[PDB]
Amino acid sequence: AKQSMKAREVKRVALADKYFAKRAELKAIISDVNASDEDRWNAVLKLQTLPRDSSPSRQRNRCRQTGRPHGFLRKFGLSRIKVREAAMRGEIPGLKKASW
Amino acid sequence: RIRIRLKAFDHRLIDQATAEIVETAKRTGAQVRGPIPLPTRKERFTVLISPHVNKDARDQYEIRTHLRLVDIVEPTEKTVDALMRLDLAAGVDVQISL
Amino acid sequence: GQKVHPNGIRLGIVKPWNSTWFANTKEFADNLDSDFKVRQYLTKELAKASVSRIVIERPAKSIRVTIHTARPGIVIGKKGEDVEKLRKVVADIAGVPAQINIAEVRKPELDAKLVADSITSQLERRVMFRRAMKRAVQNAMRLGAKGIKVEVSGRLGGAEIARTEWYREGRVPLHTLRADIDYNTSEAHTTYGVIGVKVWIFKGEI
Amino acid sequence: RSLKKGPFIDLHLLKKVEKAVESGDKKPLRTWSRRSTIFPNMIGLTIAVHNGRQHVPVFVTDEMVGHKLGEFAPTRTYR
Amino acid sequence: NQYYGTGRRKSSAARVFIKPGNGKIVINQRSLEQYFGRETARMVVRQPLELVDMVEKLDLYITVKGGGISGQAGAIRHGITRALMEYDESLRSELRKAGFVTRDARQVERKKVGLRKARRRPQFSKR
Amino acid sequence: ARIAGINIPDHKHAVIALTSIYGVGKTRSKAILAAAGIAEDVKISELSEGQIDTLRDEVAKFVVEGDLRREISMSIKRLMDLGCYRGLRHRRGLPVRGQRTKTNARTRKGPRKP
Amino acid sequence: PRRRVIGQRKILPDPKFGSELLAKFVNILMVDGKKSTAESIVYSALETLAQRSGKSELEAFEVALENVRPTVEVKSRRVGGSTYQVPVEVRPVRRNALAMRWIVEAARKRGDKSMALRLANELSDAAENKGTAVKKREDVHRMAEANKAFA
RNA sequence: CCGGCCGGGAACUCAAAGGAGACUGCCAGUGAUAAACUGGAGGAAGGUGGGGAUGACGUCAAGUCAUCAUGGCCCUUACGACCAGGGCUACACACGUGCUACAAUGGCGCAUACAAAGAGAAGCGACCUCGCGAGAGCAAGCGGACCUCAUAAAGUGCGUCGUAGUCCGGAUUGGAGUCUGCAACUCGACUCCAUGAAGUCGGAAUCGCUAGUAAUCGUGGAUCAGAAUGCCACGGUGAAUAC
Ligand SMILES: [Mg+2]
Ligand SMILES: [Mg+2]
Ligand SMILES: [Mg+2]
Numbered sequence: 001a002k003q004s005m006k007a008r009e010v011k012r013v014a015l016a017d018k019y020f021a022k023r024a025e026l027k028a029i030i031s032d033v034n035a036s037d038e039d040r041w042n043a044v045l046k047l048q049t050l051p052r053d054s055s056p057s058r059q060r061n062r063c064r065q066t067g068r069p070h071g072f073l074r075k076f077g078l079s080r081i082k083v084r085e086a087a088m089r090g091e092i093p094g095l096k097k098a099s100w
Numbered sequence: 005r006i007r008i009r010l011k012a013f014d015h016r017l018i019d020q021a022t023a024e025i026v027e028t029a030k031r032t033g034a035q036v037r038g039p040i041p042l043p044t045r046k047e048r049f050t051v052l053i054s055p056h057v058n059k060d061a062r063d064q065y066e067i068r069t070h071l072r073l074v075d076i077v078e079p080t081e082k083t084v085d086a087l088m089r090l091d092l093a094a095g096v097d098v099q100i101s102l
Numbered sequence: 001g002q003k004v005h006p007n008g009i010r011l012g013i014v015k016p017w018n019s020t021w022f023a024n025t026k027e028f029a030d031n032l033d034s035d036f037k038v039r040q041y042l043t044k045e046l047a048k049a050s051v052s053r054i055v056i057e058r059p060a061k062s063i064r065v066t067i068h069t070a071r072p073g074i075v076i077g078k079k080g081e082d083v084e085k086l087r088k089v090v091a092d093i094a095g096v097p098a099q100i101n102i103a104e105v106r107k108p109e110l111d112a113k114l115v116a117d118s119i120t121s122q123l124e125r126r127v128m129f130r131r132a133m134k135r136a137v138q139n140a141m142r143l144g145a146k147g148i149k150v151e152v153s154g155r156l157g158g159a160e161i162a163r164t165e166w167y168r169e170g171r172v173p174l175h176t177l178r179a180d181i182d183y184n185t186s187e188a189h190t191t192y193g194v195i196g197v198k199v200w201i202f203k204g205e206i
Numbered sequence: 002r003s004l005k006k007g008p009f010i011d012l013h014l015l016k017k018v019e020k021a022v023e024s025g026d027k028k029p030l031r032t033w034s035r036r037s038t039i040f041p042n043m044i045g046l047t048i049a050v051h052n053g054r055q056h057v058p059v060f061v062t063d064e065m066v067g068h069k070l071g072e073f074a075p076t077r078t079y080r
Numbered sequence: 003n004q005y006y007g008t009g010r011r012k013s014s015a016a017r018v019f020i021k022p023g024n025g026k027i028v029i030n031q032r033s034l035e036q037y038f039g040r041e042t043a044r045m046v047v048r049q050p051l052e053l054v055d056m057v058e059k060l061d062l063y064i065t066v067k068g069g070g071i072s073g074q075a076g077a078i079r080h081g082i083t084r085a086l087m088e089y090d091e092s093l094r095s096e097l098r099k100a101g102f103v104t105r106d107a108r109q110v111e112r113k114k115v116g117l118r119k120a121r122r123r124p125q126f127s128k129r
Numbered sequence: 001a002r003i004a005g006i007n008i009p010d011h012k013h014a015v016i017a018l019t020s021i022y023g024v025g026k027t028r029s030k031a032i033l034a035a036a037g038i039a040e041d042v043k044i045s046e047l048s049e050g051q052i053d054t055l056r057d058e059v060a061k062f063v064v065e066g067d068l069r070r071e072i073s074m075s076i077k078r079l080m081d082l083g084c085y086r087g088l089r090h091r092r093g094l095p096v097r098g099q100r101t102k103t104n105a106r107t108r109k110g111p112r113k114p
Numbered sequence: 001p002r003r004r005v006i007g008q009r010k011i012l013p014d015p016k017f018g019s020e021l022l023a024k025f026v027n028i029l030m031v032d033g034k035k036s037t038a039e040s041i042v043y044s045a046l047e048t049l050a051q052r053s054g055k056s057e058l059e060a061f062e063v064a065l066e067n068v069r070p071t072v073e074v075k076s077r078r079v080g081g082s083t084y085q086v087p088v089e090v091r092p093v094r095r096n097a098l099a100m101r102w103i104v105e106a107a108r109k110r111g112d113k114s115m116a117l118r119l120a121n122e123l124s125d126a127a128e129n130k131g132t133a134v135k136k137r138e139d140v141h142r143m144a145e146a147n148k149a150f151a
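Sequence order for the protein chains is s, o, h, x, n, r and l. So the first sequence is numbered by the authors' numbering: it starts at 1 and just counts up by one. So the second sequence is numbered by the authors' numbering: it starts at 5 and just counts up by one. So the third sequence is numbered by the authors' numbering: it starts at 1 and just counts up by one. So the fourth sequence is numbered by the authors' numbering: it starts at 2 and just counts up by one. So the fifth sequence is numbered by the authors' numbering: it starts at 3 and just counts up by one. So the sixth sequence is numbered by the authors' numbering: it starts at 1 and just counts up by one. So the seventh sequence is numbered by the authors' numbering: it starts at 1 and just counts up by one.
In structure tokens:
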């Protein structure tokens with residue numbers, strides 16, 4: 001919930017998909033079975049300048065409103081104790097409680 | 005020619021969403037094929053209602069998404085002219101695929 | 001958590017939905033955040049105009065926002081300038097075309113949320129909470145209610161400890177899964193502390 | 002173990018020794034890139050391996066061939 | 003001529019067909035001893051037939067699937083009870099006394115929250 | 001019966017004696033009997049010495065007892081030479097196969113002393 | 001539980017030749033839910049008994065069934081606190097399961113060859129009274145001979 | 001071209017809905033003819049027939065102000081803010097859950113039979129190619145009862161092993177690797193080769209369970225770039241008592 005944490009997710013997501021996350025021709029095409037030329041280093045040369053703010057592997061992939069690393073689920077965008085309070089309040093399309 | 009594949013939540017909603025498709029296509033639309041049950045997926049999982057404590061407290065939430073086929077077989081023009089820009093029984097999803 | 005929300009188990013059975021639209025899990029959360037933030041902005045914009053309830057629908061990305069009010073005279077304003085202004089901000093925050101529709105309630109003593117807003121305006125003025133509850137329950141029972149269960153909890157009246165108080169007048173079936181009851185939750189944060197309310201009203205059986 | 006094609010060398014670890022292979026490095030080096038390994042070029046160094054409270058000066062013999070700096074750093078104090 | 007035997011024994015769909023004239027028993031285009039003549043439930047596929055007539059009066063054509071070997075071998079034991087209806091009364095009142103005609107509605111219980119199996123509680127400590 | 005000089009794998013099948021031989025395990029025996037042209041359905045007490053010397057010649061291509069522990073010790077001396085964590089741990093006589101050490105390594109760390 | 005007083009289920013007879021005793025005989029030894037191999041090794045062990053006894057299987061054990069089956073067990077009557085033996089009559093409704101239980105406990109013994117070879121030899125050992133489940137009968141007879149006329 | 005692959009049927013397996021039928025519906029009886037219950041045919045289905053969400057005033061002022069909330073207090077060129085690196089996996093030492101075990105109702109090899117529930121578009125990937133395997137290229141196809149993840153396993157037949165820690169069993173390290181994401185050792189997983197213990201079915205004490213349950217043997221999901229025996233979920237096989 002920390003201001004700095006919730007802004008730290010923002011400062012990462014504003015640029016990750018704005019940068020090498022899509023600017024990825026130097027990601028996989030360079031890293032192949034091609035010549036053992038400078039390419040093997042040229043891969044790391046760009047990444048040494050690149051921040052670890054921008055990499056698909058980096059971000060926690062959590063909720064947005066909370067700022068909490070846990071409770072988030074991939075399909076929703078919200079943490080557990082908020083998404084359930086909206087769920088059984090009704091604000092999830094077609095989501096209800098059944099049994100077997 | 006119009007393979008109609010509609011997907012919706014409720015069986016008492018998709019029935020009243022298919023009623024209009026299957027009614028308009030007989031008065032105009034030349035002997036559509038028919039509706040098939042087309043079994044469905046319900047997305048059954050157990051989501052953590054858990055607060056900081058008491059893991060043993062759980063929730064078993066689902067979303068029942070119904071699946072149905074129509075497959076208007078003939079390439080009749082009045083079919084598309086009756087099925088240009090209509091959406092009924094909001095809470096569903098319909099499409100017109102040739 | 002022994003008592004579940006006595007509508008979350010009755011949602012897709014007898015009671016209307018509140019986020020009524022079909023889609024797929026690639027823009028779903030983007031729809032969800034846009035719905036939540038704009039719903040809270042509209043309840044921060046129309047609270048003094050009494051919003052009993054708000055319903056969200058997304059048909060073919062021409063969404064429908066229904067706002068059930070008791071005082072629409074100040075909602076529309078001058079021939080709808082306020083609503084035509086509101087149609088802009090919702091579409092700004094949501095990125096989708098919006099069709100906004102006001103709905104009406106005649107007697108505002110039919111919504112548990114609309115009376116809980118009254119309680120929230122009541123107990124933030126250093127007023128007698130019994131004079132609020134015992135009065136609203138009789139004002140509701142004289143017009144009619146086969147069951148009402150109104151609970152106030154917390155710092156009520158300067159208890160300085162955890163205390164719950166309930167007024168039950170009538171048949172309140174919080175277990176029978178055939179009936180229809182209205183219920184909503186509200187809090188009022190006075191200088192002492194927060195005061196939580198739980199208002200159950202059983203009117204419909206089918 | 003590590004990569005199939007190209008051992009991972011950092012650019013701050015690589016280059017500082019590249020042009021000093023010509024000179025002798027004269028000194029320990031403030032290495033904050035402990036995640037890379039050693040190649041013939043870096044043997045003979047007095048490098049300062051990152052270990053937190055300080056940076057340990059470690060001599061690099063020719064036997065430190067296929068090993069990384071972060072491994073012989075005293076993070077396991079244990080008395 | 004042709005008479006159908008139904009069945010749903012233990013999530014195992016039984017789809018049987020019976021003809022008069024012979025005593026061959028083919029399981030999904032495979033024979034008796036080819037599949038389970040010496041295996042689990044090797045004879046309850048005949049006990050319906052061996053209650054009255056099996057060897058050469060009535061020949062069978064079975065197609066049972068959707069489970070385990072034992073479930074497929076019992077799907078037929080229950081399918082023949084529904085297949086023997088050309089003498090419905092004399093074939094149904096004869097076997098209801100010994101059973102073999104009930105569905106045996108037995109479903110494998112699902113994983114229940116907390117319960118580490120269908121019924122097993124997680125282990126305690128007490129202290 | 002005599003292979004490797006010291007080991008007597010009597011009454012062991014052709015490849016079982018080689019899996020039980022000092023130096024190699026499960027698949028190298030299969031590889032040896034495939035490179036030598038022998039089946040693995042009979043004990044060692046039936047094959048004559050005309051082929052046992054050939055098995056001993058064929059197994060002379062891998063690392064054997066005398067160099068097995070000595071290559072292991074060359075690596076361990078590299079550990080006593082470098083100073084890395086697996087030299088530090090190995091120089092304290094500690095169990096042998098991975099990473100976890102705090103709560104459960106008791107068999108090869110011995111029973112509790114006090 | 002404290003409330004209900006129901007009994008056991010119906011026992012499925014064997015499809016080869018109907019024997020409730022044999023069915024239980026297998027289902028007491030049953031382990032782990034893998035009954036295919038158990039059936040592979042028990043009926044194979046009993047058609048091999050068919051020659052060991054000279055006659056069929058239902059009568060192969062009836063000459064020894066009695067030998068396993070005693071007249072007494074123990075149930076402690078408490079007149080202030082006790083934990084030692086007090087003899088009582090054993091119930092025949094489950095004395096069959098008791099007899100098929102102790103002889104499979106003994107069949108796990110004599111272990112040099114596989115199961116099918118040894119449990120039938122144990123059946124012969126109860127035929128000629130050379131089994132340990134046969135001595136269990138005298139052991140409970142001794143656990144009854146001592147304290148008579150208790151309650 | 002014995003692949004429903006091609007016409008064809010829309011019987012059928014099955015499938016999504018609307019209903020249906022289970023109901024003490026009838027009968028014998030100790031008993032207050034009551035109530036009901038042991039119970040009998042009928043009965044696809046015997047007593048709430050399956051099972052589940054459902055927690056009644058509340059209680060320990062139980063836990064939670066580090067899900068969130070918001071008074072009261074305090075700090076605020078610092079208790080705020082930022083970077084690299086380590087830690088949580090450090091370990092004489094207790095205990096608490098579970099897989100592997102502590103072999104022959106078993107181990108190794110060819111052979112070979114059938115699931116249900118799931119998931120899949122900045123994601124899965126048939127097929128083909130290289131390899132013992134891990135896995136790397138080419139990459140049509142599916143936002144899906146059609147294309148795929150993905151070949152179910154114990155099973156069934158059969159050979160051998162035949163009592164020694166022995167073809168049981170495999171770990172806390174060697175050596176060479178394989179993928180992931182800048183990045184694999186302090187700190188990821190996986191495959192192969194090499195070594196091979198403990199333990200020979202157990203003391204106090206104590207835990208799970210009334211059926212298709214226990215026991216169980218595989219599968220998938222989540223979390224996710226990666227990262228479980230575990231969590232949650234699918235189904236296969238299949239007991240025991242209830243005096
Ligand atoms: Mg150690
Ligand atoms: Mg406490
Ligand atoms: Mg217990």
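C-beta atoms are modelled at their ideal positions from N, C-alpha and C, and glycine is treated no differently.
Closest to residue i by C-alpha separation, out of the options, would be which residue?
i, options, result
"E81 (chain o)", "o:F49, o:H56, o:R31", "o:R31"
"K97 (chain s)", "o:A93, o:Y65, o:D97", "o:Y65"
"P79 (chain o)", "o:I100, o:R62, o:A94", "o:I100"
"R54 (chain x)", "x:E19, x:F9, x:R77, x:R2", "x:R77"
"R64 (chain s)", "s:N42, s:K82, s:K27", "s:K82"
"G90 (chain s)", "h:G144, h:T20, h:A188", "h:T20"
"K5 (chain x)", "s:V33, s:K2, s:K22, s:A16", "s:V33"
Cβ closer than 9 Å: which chain n residues qualify as neighbours of residue i?
i, result
"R62 (chain o)", "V115, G116"
In the DSSP assignment, find the beta strand (DSSP E) that holds residue i and state where it starts and stops.
i, result
"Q122 (chain h)", "It is not in any beta strand (DSSP E) - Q122 (chain h) instead sits in the alpha helix (DSSP H) that spans 112 to 122."
"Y167 (chain h)", "163 to 168"
List, in chain order, every chain l residue whose beta-carbon is nearer than 7 Å to that of residue i.
i, result
"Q49 (chain n)", "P15"
Check whether the Cβ atoms of residue i and residue j sit closer than 8 Å, and answer yes or no.
i, j, result
"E205 (chain h)", "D182 (chain h)", "no"
"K43 (chain r)", "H13 (chain r)", "yes"
"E45 (chain h)", "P72 (chain h)", "no"
"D55 (chain n)", "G23 (chain n)", "no"
"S13 (chain n)", "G68 (chain n)", "yes"
Please list, in chain order, the chain s residues whose beta carbon lies closer than 7 Å to that of residue i.
i, result
"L12 (chain x)", "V44, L45, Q48"
Can you tell me where the alpha helix (DSSP H) holding residue i begins and where it ends?
i, result
"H13 (chain x)", "12 to 19"
"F36 (chain h)", "28 to 43"
Residue i versus chain o: which residues are under 7 Å apart at the beta carbon?
i, result
"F22 (chain h)", "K11, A12, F13, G95, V96, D97"
Under 8 Å Cβ-Cβ, which residues of chain s neighbour residue i?
i, result
"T69 (chain o)", "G94"
Run through chain o and tell me which residues come within less than 8 Å of residue i, C-beta to C-beta.
i, result
"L73 (chain s)", "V51"
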